[PDB]
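Undergrad: Starting off with a structure, shown below.
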Amino acid sequence: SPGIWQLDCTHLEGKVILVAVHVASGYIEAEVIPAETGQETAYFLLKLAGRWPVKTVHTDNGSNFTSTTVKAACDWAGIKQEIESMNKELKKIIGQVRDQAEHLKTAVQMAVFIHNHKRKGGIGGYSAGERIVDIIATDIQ
Amino acid sequence: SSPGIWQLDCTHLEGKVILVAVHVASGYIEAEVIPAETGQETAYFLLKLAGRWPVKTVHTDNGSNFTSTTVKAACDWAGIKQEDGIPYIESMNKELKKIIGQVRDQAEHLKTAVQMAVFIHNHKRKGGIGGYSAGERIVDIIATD
Amino acid sequence: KXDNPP
């Protein structure tokens, strides 16, 4: 489906990173938050859904995903609740450019940038950023 | 209008600052409440935006947040052409505060009302029921294959 | 630099 996402927690330098992966493309978004709360999760999912056509999210099974605020956000947005391949990859990237920034926040969004715009394969390749919009543009037919 | 061009505008409500990025060709928006219009918050906003879309050009209101070296360095890192004072989206602000009015009572905090409003803006059928929503138009314009 | 110069 153009509409299936996986949402994941990652922990480094004491702060929490929330990572959404569009399964069919490998496209990511990430937001750095103080703690893994119901408030932040819901808020994150609302931003996500205002941007992309989110139908189903796959989540670890933490209490942050099961608060009533998350369910009201998911009910309002029409979202249904239910690879580490692009998660170890995010970690790797943060560490290659981490030195380039003071705040963890900023290197996270640099790493999301680099991941989404990196061409995979040779001439003929696509980036994750292109795969997502292509998949969804195709599906809009 | 070209696919890589965005307008950035601030708007103020309840004493908070909303940064808005409008995809010119499509009318697609995204937005965040930030504490104040500083360099750091703007830079951070742009960097998130550019990580998700293929952002070539930004038109700004040339406010002091955009003239800071933090933003300039953000735009150079992302290869974004920054075009201060270049106009084109002011209705976009009146529209967004309108939609924020309609959902405001369903949210405890303004910031949640802003995202709900973004969602509603981006999913609305423009021009009857044979039409396309801003979120549909952007992916259509940006799609390379 | 990248958020606080150099």
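Just so we're on the same page: first chain in the structure tokens is A, next is B, and so on; residues restart at 1 for each chain, and ligands are numbered from 1 in the order they show up.
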Can you tell me which residues surround residue 43 of chain B at a distance of at most 7 Å, considering only C-alpha atoms, apart from same-chain residues fewer than 3 positions away, and format the answer as an MDAnalysis selection string?
TA: chainID B and resid 39:40 46:47 70:71 74
Undergrad: Using only C-alpha atoms, determine which residues lie at most 8 Å from residue 142 of chain B, disregarding the query and same-chain residues fewer than 3 positions distant; provide the list as a list in words.
TA: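 Non-adjacent residues within range: residues 133 of chain A; 3, 4, 54, 138 and 139 of chain B.
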Undergrad: For residue 115 of chain B, which residue out of B:49, B:100, B:2, B:22 is the nearest one, using only C-alpha atoms?
TA: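 Closest to residue 115 of chain B of all the choices is B:100.
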Undergrad: Please indicate the distance in Å from atom CA of residue 129 of chain A to atom CA of residue 53 of chain B, rounded to one decimal place.
TA: 7.2 Å
Undergrad: By how many Å are atom CA of residue 140 of chain A and atom CA of residue 125 of chain B apart?
TA: 13.7 Å
Undergrad: Which residues come within 12 Å of residue 56 of chain A, counting only C-alpha atoms, excluding same-chain residues fewer than 6 positions away, as a PyMOL selection string?
TA: chain A and resi 1-7+20-23+45+48-49+74-75+77-82
Undergrad: Would you mind exporting N, CA, C and O atoms of the selected residues as a PDB file, in the first residue's frame?
TA:
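The new file part20.pdb reads:
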ATOM      1  N   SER A   1       0.853  -1.226   0.000  1.00  0.00           N
ATOM      2  CA  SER A   1       0.000   0.000   0.000  1.00  0.00           C
ATOM      3  C   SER A   1       0.877   1.261   0.000  1.00  0.00           C
ATOM      4  O   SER A   1       1.928   1.301   0.656  1.00  0.00           O
ATOM      5  N   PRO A   2       0.467   2.294  -0.751  1.00  0.00           N
ATOM      6  CA  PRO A   2       1.051   3.620  -0.606  1.00  0.00           C
ATOM      7  C   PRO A   2       0.931   4.168   0.836  1.00  0.00           C
ATOM      8  O   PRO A   2       1.606   5.148   1.144  1.00  0.00           O
ATOM      9  N   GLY A   3       0.093   3.543   1.683  1.00  0.00           N
ATOM     10  CA  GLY A   3      -0.308   4.136   2.965  1.00  0.00           C
ATOM     11  C   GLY A   3       0.245   3.515   4.253  1.00  0.00           C
ATOM     12  O   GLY A   3      -0.179   3.908   5.330  1.00  0.00           O
ATOM     13  N   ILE A   4       1.198   2.589   4.152  1.00  0.00           N
ATOM     14  CA  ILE A   4       1.719   1.827   5.308  1.00  0.00           C
ATOM     15  C   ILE A   4       3.064   2.358   5.794  1.00  0.00           C
ATOM     16  O   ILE A   4       4.028   2.487   5.026  1.00  0.00           O
ATOM     17  N   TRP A   5       3.111   2.656   7.087  1.00  0.00           N
ATOM     18  CA  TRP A   5       4.254   3.251   7.716  1.00  0.00           C
ATOM     19  C   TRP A   5       4.649   2.442   8.913  1.00  0.00           C
ATOM     20  O   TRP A   5       3.825   1.804   9.561  1.00  0.00           O
ATOM     21  N   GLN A   6       5.911   2.479   9.258  1.00  0.00           N
ATOM     22  CA  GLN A   6       6.306   1.884  10.505  1.00  0.00           C
ATOM     23  C   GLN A   6       6.861   3.007  11.374  1.00  0.00           C
ATOM     24  O   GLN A   6       7.547   3.905  10.893  1.00  0.00           O
ATOM     25  N   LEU A   7       6.508   3.005  12.643  1.00  0.00           N
ATOM     26  CA  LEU A   7       6.991   4.049  13.531  1.00  0.00           C
ATOM     27  C   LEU A   7       7.855   3.369  14.611  1.00  0.00           C
ATOM     28  O   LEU A   7       7.491   2.298  15.155  1.00  0.00           O
ATOM     29  N   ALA A  20       9.668   7.603  11.558  1.00  0.00           N
ATOM     30  CA  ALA A  20       8.665   6.999  10.681  1.00  0.00           C
ATOM     31  C   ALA A  20       9.312   6.618   9.329  1.00  0.00           C
ATOM     32  O   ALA A  20      10.028   7.455   8.694  1.00  0.00           O
ATOM     33  N   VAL A  21       9.063   5.389   8.915  1.00  0.00           N
ATOM     34  CA  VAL A  21       9.544   4.819   7.662  1.00  0.00           C
ATOM     35  C   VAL A  21       8.351   4.465   6.816  1.00  0.00           C
ATOM     36  O   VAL A  21       7.454   3.782   7.274  1.00  0.00           O
ATOM     37  N   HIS A  22       8.345   4.906   5.585  1.00  0.00           N
ATOM     38  CA  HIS A  22       7.327   4.581   4.626  1.00  0.00           C
ATOM     39  C   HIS A  22       7.880   3.244   4.103  1.00  0.00           C
ATOM     40  O   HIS A  22       8.922   3.195   3.539  1.00  0.00           O
ATOM     41  N   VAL A  23       7.173   2.163   4.373  1.00  0.00           N
ATOM     42  CA  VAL A  23       7.649   0.789   4.130  1.00  0.00           C
ATOM     43  C   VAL A  23       8.057   0.488   2.674  1.00  0.00           C
ATOM     44  O   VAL A  23       9.099  -0.098   2.443  1.00  0.00           O
ATOM     45  N   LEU A  45       2.319  11.889  14.750  1.00  0.00           N
ATOM     46  CA  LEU A  45       1.412  11.252  13.803  1.00  0.00           C
ATOM     47  C   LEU A  45       0.505  12.271  13.084  1.00  0.00           C
ATOM     48  O   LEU A  45       0.179  12.073  11.914  1.00  0.00           O
ATOM     49  N   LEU A  48       2.658  13.916  10.378  1.00  0.00           N
ATOM     50  CA  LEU A  48       2.875  12.850   9.388  1.00  0.00           C
ATOM     51  C   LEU A  48       1.665  12.730   8.512  1.00  0.00           C
ATOM     52  O   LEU A  48       1.771  12.854   7.285  1.00  0.00           O
ATOM     53  N   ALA A  49       0.498  12.563   9.120  1.00  0.00           N
ATOM     54  CA  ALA A  49      -0.700  12.386   8.302  1.00  0.00           C
ATOM     55  C   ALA A  49      -1.153  13.625   7.512  1.00  0.00           C
ATOM     56  O   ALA A  49      -1.856  13.468   6.527  1.00  0.00           O
ATOM     57  N   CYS A  74      -5.461   9.350  15.966  1.00  0.00           N
ATOM     58  CA  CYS A  74      -5.543   8.302  14.952  1.00  0.00           C
ATOM     59  C   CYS A  74      -7.004   8.177  14.480  1.00  0.00           C
ATOM     60  O   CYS A  74      -7.271   8.053  13.290  1.00  0.00           O
ATOM     61  N   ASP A  75      -7.962   8.247  15.402  1.00  0.00           N
ATOM     62  CA  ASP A  75      -9.339   8.245  14.937  1.00  0.00           C
ATOM     63  C   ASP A  75      -9.615   9.481  14.084  1.00  0.00           C
ATOM     64  O   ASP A  75     -10.189   9.354  13.016  1.00  0.00           O
ATOM     65  N   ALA A  77      -7.608  11.251  12.280  1.00  0.00           N
ATOM     66  CA  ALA A  77      -6.854  11.309  11.022  1.00  0.00           C
ATOM     67  C   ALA A  77      -7.175  10.153  10.116  1.00  0.00           C
ATOM     68  O   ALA A  77      -6.687  10.109   9.005  1.00  0.00           O
ATOM     69  N   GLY A  78      -7.948   9.198  10.615  1.00  0.00           N
ATOM     70  CA  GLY A  78      -8.321   8.040   9.833  1.00  0.00           C
ATOM     71  C   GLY A  78      -7.196   7.050   9.714  1.00  0.00           C
ATOM     72  O   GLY A  78      -7.077   6.366   8.707  1.00  0.00           O
ATOM     73  N   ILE A  79      -6.351   6.995  10.738  1.00  0.00           N
ATOM     74  CA  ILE A  79      -5.191   6.123  10.736  1.00  0.00           C
ATOM     75  C   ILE A  79      -5.532   4.839  11.469  1.00  0.00           C
ATOM     76  O   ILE A  79      -6.128   4.882  12.488  1.00  0.00           O
ATOM     77  N   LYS A  80      -5.112   3.700  10.965  1.00  0.00           N
ATOM     78  CA  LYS A  80      -5.327   2.440  11.644  1.00  0.00           C
ATOM     79  C   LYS A  80      -4.053   2.017  12.394  1.00  0.00           C
ATOM     80  O   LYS A  80      -2.986   1.945  11.798  1.00  0.00           O
ATOM     81  N   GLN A  81      -4.143   1.768  13.698  1.00  0.00           N
ATOM     82  CA  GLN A  81      -3.019   1.172  14.452  1.00  0.00           C
ATOM     83  C   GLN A  81      -3.056  -0.356  14.419  1.00  0.00           C
ATOM     84  O   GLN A  81      -4.134  -0.961  14.411  1.00  0.00           O
ATOM     85  N   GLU A  82      -1.862  -0.960  14.405  1.00  0.00           N
ATOM     86  CA  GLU A  82      -1.676  -2.412  14.292  1.00  0.00           C
ATOM     87  C   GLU A  82      -0.434  -2.859  15.070  1.00  0.00           C
ATOM     88  O   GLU A  82       0.624  -2.212  15.005  1.00  0.00           O
TER      89      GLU A  82
END
Undergrad: Go through B:137, B:98, B:111, B:123 and flag the residue nearest residue 23 of chain B, using only C-alpha atoms for the distances.
TA: B:137
Undergrad: For chain A against chain B, with a cut-off of 7 Å and counting only C-alpha atoms, what is the closest atom pair and its distance in Å to one decimal for every residue that makes the cut, ordered by chain and number, as a tab-separated table?
TA:
residue	atom	partner	partner_atom	distance
A:43	CA	B:112	CA	6.5
A:46	CA	B:115	CA	6.2
A:47	CA	B:115	CA	5.8
A:49	CA	B:119	CA	6.9
A:50	CA	B:119	CA	3.7
A:51	CA	B:135	CA	6.8
A:106	CA	B:44	CA	6.7
A:109	CA	B:48	CA	5.8
A:112	CA	B:51	CA	5.9
A:113	CA	B:51	CA	3.8
A:116	CA	B:51	CA	6.5
A:129	CA	B:52	CA	6.8
A:130	CA	B:143	CA	6.7
A:133	CA	B:139	CA	5.2
A:134	CA	B:143	CA	5.2
A:136	CA	B:139	CA	6.9
A:137	CA	B:140	CA	5.4
Undergrad: With N, CA, C and O atoms retained, could you export that selection as a compact mmCIF listing (two decimals), in the first residue's frame?
TA:
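Saved the output as out.txt:
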# COMPACT_ATOMS: atom_id res chain seq x y z
N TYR A 43 1.03 14.02 18.29
CA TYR A 43 1.45 15.19 17.60
C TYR A 43 2.29 14.83 16.36
O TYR A 43 2.05 15.36 15.27
N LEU A 46 0.09 13.34 13.77
CA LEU A 46 -0.74 14.33 13.08
C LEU A 46 0.03 15.12 11.96
O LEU A 46 -0.52 15.39 10.89
N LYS A 47 1.27 15.48 12.24
CA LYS A 47 2.15 16.12 11.26
C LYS A 47 2.30 15.18 10.08
O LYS A 47 2.02 15.58 8.95
N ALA A 49 0.50 12.56 9.12
CA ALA A 49 -0.70 12.39 8.30
C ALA A 49 -1.15 13.62 7.51
O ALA A 49 -1.86 13.47 6.53
N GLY A 50 -0.83 14.84 7.96
CA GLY A 50 -1.18 16.08 7.18
C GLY A 50 -0.36 16.23 5.88
O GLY A 50 -0.72 16.96 4.94
N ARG A 51 0.72 15.48 5.81
CA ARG A 51 1.71 15.56 4.75
C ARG A 51 1.53 14.39 3.74
O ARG A 51 1.35 14.62 2.53
N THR A 106 19.80 18.72 15.10
CA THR A 106 20.22 19.24 13.82
C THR A 106 20.88 18.15 13.00
O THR A 106 20.55 18.02 11.82
N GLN A 109 18.15 15.77 11.57
CA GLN A 109 17.53 16.26 10.34
C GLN A 109 18.51 16.35 9.18
O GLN A 109 18.09 16.24 8.02
N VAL A 112 18.40 12.66 8.07
CA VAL A 112 17.15 12.42 7.33
C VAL A 112 17.24 12.99 5.92
O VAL A 112 16.92 12.31 4.94
N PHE A 113 17.69 14.24 5.80
CA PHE A 113 18.06 14.81 4.51
C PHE A 113 18.90 13.86 3.67
O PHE A 113 18.52 13.50 2.58
N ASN A 116 17.15 10.62 2.65
CA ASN A 116 16.05 10.73 1.68
C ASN A 116 16.51 11.12 0.25
O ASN A 116 15.76 10.89 -0.74
N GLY A 129 13.31 9.53 -1.18
CA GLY A 129 12.47 10.74 -1.52
C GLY A 129 11.71 10.72 -2.84
O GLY A 129 10.51 11.03 -2.91
N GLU A 130 12.41 10.35 -3.91
CA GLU A 130 11.73 10.05 -5.22
C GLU A 130 10.83 8.81 -5.22
O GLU A 130 9.78 8.86 -5.81
N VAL A 133 7.25 9.74 -3.55
CA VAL A 133 6.35 10.56 -4.38
C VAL A 133 5.94 9.81 -5.66
O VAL A 133 4.80 9.92 -6.05
N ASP A 134 6.84 9.04 -6.26
CA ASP A 134 6.49 8.20 -7.43
C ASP A 134 5.42 7.17 -7.06
O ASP A 134 4.41 7.01 -7.79
N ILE A 136 3.18 7.23 -4.69
CA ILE A 136 1.92 7.89 -4.39
C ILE A 136 1.35 8.61 -5.59
O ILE A 136 0.12 8.72 -5.75
N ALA A 137 2.21 9.16 -6.44
CA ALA A 137 1.71 9.74 -7.68
C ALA A 137 1.10 8.62 -8.56
O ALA A 137 0.01 8.77 -9.07
Undergrad: Which residues in segment 75-126 of chain A does DSSP call strand (DSSP E)? List them as an mmCIF file with N, CA and C atoms, in the first residue's frame.
TA:
data_model
loop_
_atom_site.group_PDB
_atom_site.id
_atom_site.type_symbol
_atom_site.label_atom_id
_atom_site.label_comp_id
_atom_site.auth_asym_id
_atom_site.auth_seq_id
_atom_site.Cartn_x
_atom_site.Cartn_y
_atom_site.Cartn_z
ATOM 1 N N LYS A 80 -5.112 3.700 10.965
ATOM 2 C CA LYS A 80 -5.327 2.440 11.644
ATOM 3 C C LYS A 80 -4.053 2.017 12.394
ATOM 4 N N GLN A 81 -4.143 1.768 13.698
ATOM 5 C CA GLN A 81 -3.019 1.172 14.452
ATOM 6 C C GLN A 81 -3.056 -0.356 14.419
ATOM 7 N N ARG A 119 20.761 8.751 -3.874
ATOM 8 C CA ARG A 119 20.435 7.880 -4.975
ATOM 9 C C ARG A 119 20.879 6.499 -4.591
ATOM 10 N N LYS A 120 20.019 5.521 -4.752
ATOM 11 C CA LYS A 120 20.473 4.137 -4.622
ATOM 12 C C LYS A 120 20.794 3.557 -6.021
ATOM 13 N N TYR A 126 17.179 5.582 -7.915
ATOM 14 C CA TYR A 126 16.263 6.544 -7.330
ATOM 15 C C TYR A 126 16.683 6.822 -5.888
#
Undergrad: Rank nothing, just name the residue among B:68, B:11, B:1, B:82 nearest to residue 4 of chain C, using only C-alpha atoms.
TA: B:68
Undergrad: Compile the residues of chain C that lie within 7 Å of chain A, evaluated using only C-alpha atoms, and express the compilation as a PyMOL selection string.
TA: chain C and resi 1-4
Undergrad: Create the file for the chosen residues now, containing C-alpha atoms and written as an mmCIF file, in the first residue's frame.
TA:
data_model
loop_
_atom_site.group_PDB
_atom_site.id
_atom_site.type_symbol
_atom_site.label_atom_id
_atom_site.label_comp_id
_atom_site.auth_asym_id
_atom_site.auth_seq_id
_atom_site.Cartn_x
_atom_site.Cartn_y
_atom_site.Cartn_z
ATOM 1 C CA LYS C 1 28.924 26.057 12.230
ATOM 2 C CA UNK C 2 25.669 23.977 11.168
ATOM 3 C CA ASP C 3 23.371 25.485 14.136
ATOM 4 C CA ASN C 4 25.960 27.578 16.242
#
Undergrad: Pick the closest to residue 88 of chain A from A:41, A:53, A:111, A:14: which is it, counting only C-alpha atoms?
TA: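 Checking each of A:41, A:53, A:111, A:14 against residue 88 of chain A, counting only C-alpha atoms, the winner is A:111.
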Undergrad: Report the distance between atom CA of residue 87 of chain A and atom CA of residue 68 of chain A in Å, rounded to one decimal place.
TA: 27.3 Å
Undergrad: Find the residues near residue 10 of chain B: any atom within 12 Å, counting only C-alpha atoms, skip ones fewer than 3 places away on the same chain, and give them as a PDB file with N, CA and C atoms, in the first residue's frame.
TA:
ATOM      1  N   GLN B   7       7.359  29.285  -0.546  1.00  0.00           N
ATOM      2  CA  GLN B   7       7.253  30.592   0.086  1.00  0.00           C
ATOM      3  C   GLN B   7       7.266  30.347   1.627  1.00  0.00           C
ATOM      4  N   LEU B  13      -0.478  34.074  16.420  1.00  0.00           N
ATOM      5  CA  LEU B  13      -1.802  33.736  16.976  1.00  0.00           C
ATOM      6  C   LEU B  13      -1.587  33.328  18.413  1.00  0.00           C
ATOM      7  N   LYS B  16       1.761  33.230  19.931  1.00  0.00           N
ATOM      8  CA  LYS B  16       2.764  32.253  19.443  1.00  0.00           C
ATOM      9  C   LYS B  16       3.076  32.467  17.955  1.00  0.00           C
ATOM     10  N   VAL B  17       4.182  31.919  17.486  1.00  0.00           N
ATOM     11  CA  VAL B  17       4.572  32.095  16.083  1.00  0.00           C
ATOM     12  C   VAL B  17       4.415  30.809  15.295  1.00  0.00           C
ATOM     13  N   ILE B  18       3.655  30.915  14.206  1.00  0.00           N
ATOM     14  CA  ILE B  18       3.516  29.843  13.237  1.00  0.00           C
ATOM     15  C   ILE B  18       4.335  30.147  11.987  1.00  0.00           C
ATOM     16  N   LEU B  19       5.322  29.292  11.735  1.00  0.00           N
ATOM     17  CA  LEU B  19       6.051  29.296  10.464  1.00  0.00           C
ATOM     18  C   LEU B  19       5.307  28.391   9.473  1.00  0.00           C
ATOM     19  N   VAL B  20       5.105  28.898   8.277  1.00  0.00           N
ATOM     20  CA  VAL B  20       4.326  28.259   7.234  1.00  0.00           C
ATOM     21  C   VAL B  20       5.250  28.181   6.003  1.00  0.00           C
ATOM     22  N   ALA B  21       5.228  27.026   5.355  1.00  0.00           N
ATOM     23  CA  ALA B  21       5.907  26.824   4.096  1.00  0.00           C
ATOM     24  C   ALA B  21       4.829  26.413   3.128  1.00  0.00           C
ATOM     25  N   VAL B  22       4.712  27.165   2.032  1.00  0.00           N
ATOM     26  CA  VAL B  22       3.713  26.955   1.003  1.00  0.00           C
ATOM     27  C   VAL B  22       4.454  26.494  -0.260  1.00  0.00           C
ATOM     28  N   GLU B  30       3.030  23.080   4.880  1.00  0.00           N
ATOM     29  CA  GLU B  30       3.269  22.564   6.207  1.00  0.00           C
ATOM     30  C   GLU B  30       3.659  23.722   7.096  1.00  0.00           C
ATOM     31  N   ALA B  31       3.644  23.489   8.410  1.00  0.00           N
ATOM     32  CA  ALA B  31       3.683  24.581   9.409  1.00  0.00           C
ATOM     33  C   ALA B  31       4.019  24.045  10.772  1.00  0.00           C
ATOM     34  N   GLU B  32       4.574  24.918  11.631  1.00  0.00           N
ATOM     35  CA  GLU B  32       4.912  24.573  13.016  1.00  0.00           C
ATOM     36  C   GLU B  32       4.769  25.822  13.823  1.00  0.00           C
ATOM     37  N   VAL B  33       4.435  25.628  15.103  1.00  0.00           N
ATOM     38  CA  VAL B  33       4.517  26.672  16.084  1.00  0.00           C
ATOM     39  C   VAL B  33       5.934  26.627  16.606  1.00  0.00           C
ATOM     40  N   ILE B  34       6.596  27.763  16.619  1.00  0.00           N
ATOM     41  CA  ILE B  34       7.914  27.811  17.262  1.00  0.00           C
ATOM     42  C   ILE B  34       7.811  28.878  18.370  1.00  0.00           C
ATOM     43  N   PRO B  35       8.731  28.862  19.336  1.00  0.00           N
ATOM     44  CA  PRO B  35       8.755  29.889  20.424  1.00  0.00           C
ATOM     45  C   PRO B  35       8.879  31.354  19.891  1.00  0.00           C
ATOM     46  N   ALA B  36       9.888  31.617  19.069  1.00  0.00           N
ATOM     47  CA  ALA B  36       9.992  32.921  18.418  1.00  0.00           C
ATOM     48  C   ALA B  36      10.772  32.765  17.133  1.00  0.00           C
ATOM     49  N   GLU B  37      10.684  33.801  16.301  1.00  0.00           N
ATOM     50  CA  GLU B  37      11.204  33.835  14.970  1.00  0.00           C
ATOM     51  C   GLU B  37      12.712  33.964  15.029  1.00  0.00           C
ATOM     52  N   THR B  38      13.401  33.024  15.661  1.00  0.00           N
ATOM     53  CA  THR B  38      14.860  33.123  15.668  1.00  0.00           C
ATOM     54  C   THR B  38      15.479  32.412  14.470  1.00  0.00           C
ATOM     55  N   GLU B  41      15.525  28.409  14.932  1.00  0.00           N
ATOM     56  CA  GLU B  41      14.255  27.719  14.739  1.00  0.00           C
ATOM     57  C   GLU B  41      13.886  27.682  13.277  1.00  0.00           C
ATOM     58  N   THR B  42      14.144  28.787  12.593  1.00  0.00           N
ATOM     59  CA  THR B  42      13.960  28.876  11.138  1.00  0.00           C
ATOM     60  C   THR B  42      14.837  27.874  10.412  1.00  0.00           C
ATOM     61  N   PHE B  45      13.551  24.457  10.942  1.00  0.00           N
ATOM     62  CA  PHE B  45      12.363  24.300  10.093  1.00  0.00           C
ATOM     63  C   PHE B  45      12.716  24.008   8.634  1.00  0.00           C
ATOM     64  N   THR B  60      11.230  34.465   0.881  1.00  0.00           N
ATOM     65  CA  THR B  60      10.979  34.758   2.291  1.00  0.00           C
ATOM     66  C   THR B  60      10.469  36.159   2.369  1.00  0.00           C
ATOM     67  N   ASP B  61       9.941  36.509   3.539  1.00  0.00           N
ATOM     68  CA  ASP B  61       9.601  37.892   3.855  1.00  0.00           C
ATOM     69  C   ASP B  61      10.846  38.729   4.219  1.00  0.00           C
ATOM     70  N   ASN B  62      12.048  38.187   4.052  1.00  0.00           N
ATOM     71  CA  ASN B  62      13.295  38.890   4.487  1.00  0.00           C
ATOM     72  C   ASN B  62      13.308  39.381   5.957  1.00  0.00           C
ATOM     73  N   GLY B  63      12.545  38.732   6.837  1.00  0.00           N
ATOM     74  CA  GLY B  63      12.557  39.097   8.260  1.00  0.00           C
ATOM     75  C   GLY B  63      13.926  38.801   8.809  1.00  0.00           C
ATOM     76  N   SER B  64      14.211  39.264  10.018  1.00  0.00           N
ATOM     77  CA  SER B  64      15.599  39.150  10.506  1.00  0.00           C
ATOM     78  C   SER B  64      16.009  37.700  10.729  1.00  0.00           C
ATOM     79  N   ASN B  65      15.052  36.816  11.031  1.00  0.00           N
ATOM     80  CA  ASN B  65      15.352  35.360  11.095  1.00  0.00           C
ATOM     81  C   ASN B  65      16.045  34.791   9.838  1.00  0.00           C
ATOM     82  N   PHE B  66      15.689  35.318   8.667  1.00  0.00           N
ATOM     83  CA  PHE B  66      16.224  34.814   7.379  1.00  0.00           C
ATOM     84  C   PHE B  66      17.542  35.427   6.980  1.00  0.00           C
ATOM     85  N   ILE B  89      -0.943  33.322  -0.831  1.00  0.00           N
ATOM     86  CA  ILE B  89       0.093  33.045   0.177  1.00  0.00           C
ATOM     87  C   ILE B  89      -0.016  34.003   1.377  1.00  0.00           C
ATOM     88  N   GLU B  90      -0.649  35.154   1.162  1.00  0.00           N
ATOM     89  CA  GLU B  90      -0.992  36.062   2.254  1.00  0.00           C
ATOM     90  C   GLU B  90      -2.436  35.791   2.609  1.00  0.00           C
ATOM     91  N   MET B  92      -3.179  32.693   2.229  1.00  0.00           N
ATOM     92  CA  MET B  92      -2.826  31.432   2.890  1.00  0.00           C
ATOM     93  C   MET B  92      -2.887  31.556   4.411  1.00  0.00           C
ATOM     94  N   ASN B  93      -2.478  32.710   4.935  1.00  0.00           N
ATOM     95  CA  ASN B  93      -2.531  32.990   6.366  1.00  0.00           C
ATOM     96  C   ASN B  93      -3.915  33.203   6.957  1.00  0.00           C
ATOM     97  N   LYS B  94      -4.746  33.958   6.247  1.00  0.00           N
ATOM     98  CA  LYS B  94      -6.128  34.174   6.609  1.00  0.00           C
ATOM     99  C   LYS B  94      -6.902  32.846   6.493  1.00  0.00           C
ATOM    100  N   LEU B  96      -5.552  29.677   6.705  1.00  0.00           N
ATOM    101  CA  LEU B  96      -5.103  28.820   7.765  1.00  0.00           C
ATOM    102  C   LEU B  96      -5.664  29.206   9.152  1.00  0.00           C
ATOM    103  N   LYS B  97      -5.638  30.490   9.520  1.00  0.00           N
ATOM    104  CA  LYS B  97      -6.225  30.917  10.798  1.00  0.00           C
ATOM    105  C   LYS B  97      -7.712  30.651  10.776  1.00  0.00           C
TER     106      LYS B  97
END
